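Next up: a single chain in structure tokens, the form deposited in one PDB entry.
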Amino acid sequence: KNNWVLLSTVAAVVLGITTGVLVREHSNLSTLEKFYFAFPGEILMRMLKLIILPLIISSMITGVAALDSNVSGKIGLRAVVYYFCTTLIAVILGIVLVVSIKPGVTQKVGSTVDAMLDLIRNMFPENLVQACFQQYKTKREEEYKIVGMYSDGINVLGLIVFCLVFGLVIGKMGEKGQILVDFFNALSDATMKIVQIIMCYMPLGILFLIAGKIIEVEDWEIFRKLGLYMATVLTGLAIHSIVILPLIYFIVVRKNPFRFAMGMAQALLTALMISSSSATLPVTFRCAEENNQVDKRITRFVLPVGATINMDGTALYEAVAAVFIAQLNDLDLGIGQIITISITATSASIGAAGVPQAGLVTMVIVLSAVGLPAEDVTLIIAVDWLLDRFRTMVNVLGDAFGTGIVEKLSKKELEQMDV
């Protein structure tokens, strides 16, 4: 006998690929019948969005309160240094692969500061209850006057920053704040058993979520018309995630880096089907501490921060497609335009959310930084549901690799705390 959690998800990917292809050649469902056929995939999607509010709140508090305010200054330093050391490698390796292959040549016909100051406006929200379901967005309009309104979507950057300060303040209070450690440890345990309930609906949900995604109109634009551009994203997403990211693991940890990737197979195949790193963050929590046995004092801090900051897969997809958009024109892309692409794609991957189809909101940032218009993104919208699933597996993998790398880099400081 073996495990039924992973073997039924693979059996649902197989039974979901062969279902969403066969119902196209056999029957002809309307646009309304293609929304009720993907309805069990919608219930799984909003069952995972439901659990990330008590999961991010309770893991960020008990992840930092378990560290004695100077160990957490070095876990925090070894996390941001790792996140900058992987985004920069994924941006540079995506830059070299897109200018040596040159996919965009001779197939020509076929508010950056306001978006970066909205990261700091979202780290310190005006209300904590409003931060649980609303984000802040800034538009510039009239010699112009800045005016912002509250859009929708959970402010993950503002609940991480407040609970990081709330986690540090609680741990320095001693016995006067011990009841707040016990409250958010019993809440982080109770909202991980709920994730084990959603994990039993997950094979039934993927089987209709991936059958209702490949049920679209034309398999020709993805295959041949926009071909060899997907062969520059997916090659870089392969080499960064198979070769480069288990080489950073193998240098500092001598413990077989593909044994770690096999133990994260449920979280990798979830983001490969649901295309959202924040929604599969509960799967990444369980599949790291239970399978790979990485210490709970680090995964509660590294994994929520990395889900909204470390987005290596977006950084490579930003660096490939923005050059490819510029390659459909006849721009030179000199030595000054290349480095500013690799710089602003690092900030756009930081400012991008873990929500689905968040790759094209921050694509306007990198495109307008080189001078391209914002309405040149309409060439990419055709194939974006497939390229948004392979760059989320890599995003989850990057976060997972960090937990193992920071733990060996701080095995002494974790062993410092004793009786």
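Think of the rigid core as the biggest set of C-alphas that the two forms share within 1.5 Å after superposition. A residue's number is simply how far along the shown sequence it sits, counting from 1.
Not on display, but discussed next: the form deposited in another entry.
**Study point:** 2 Å-or-more CA mover between this form and the one not shown, where superposition uses the core and the choices are 79, 71, 93, 341
**Key:** The residue that shifts is 71.
Practice item. Please check if residue 369 moves between this form and the one not shown, taking a CA shift of 2 Å or more relative to the superposed core as movement. Key: Shift of 2 Å or more: no.
Practice item. Take the rigid core as the frame of reference and indicate whether the C-alpha of residue 213 shifts by 2 Å or more between this form and the one not shown. Key: The answer is yes; the displacement is at least 2 Å.
Exercise for review: Determine whether the C-alpha of residue 329 shifts by 2 Å or more between this form and the one not shown once the rigid core is superposed.
Suggested key: Residue 329 C-alpha, core-superposed: shift of less than 2 Å.
Check your understanding: Closer or farther: how do the Cα atoms of residue 389 and residue 34 compare in that other deposited form relative to this form, given a change of at least 3 Å?
Key -> The answer is farther, because the C-alphas of residue 389 and residue 34 separate from each other in that other deposited form by 3 Å or more.
Practice item. Have a look at residue 355 and residue 346: in that other deposited form, are their Cα atoms closer together or farther apart than in this form, given the change is 3 Å or more? Key: It is closer: the C-alpha separation of residue 355 and residue 346 falls by at least 3 Å in that other deposited form.
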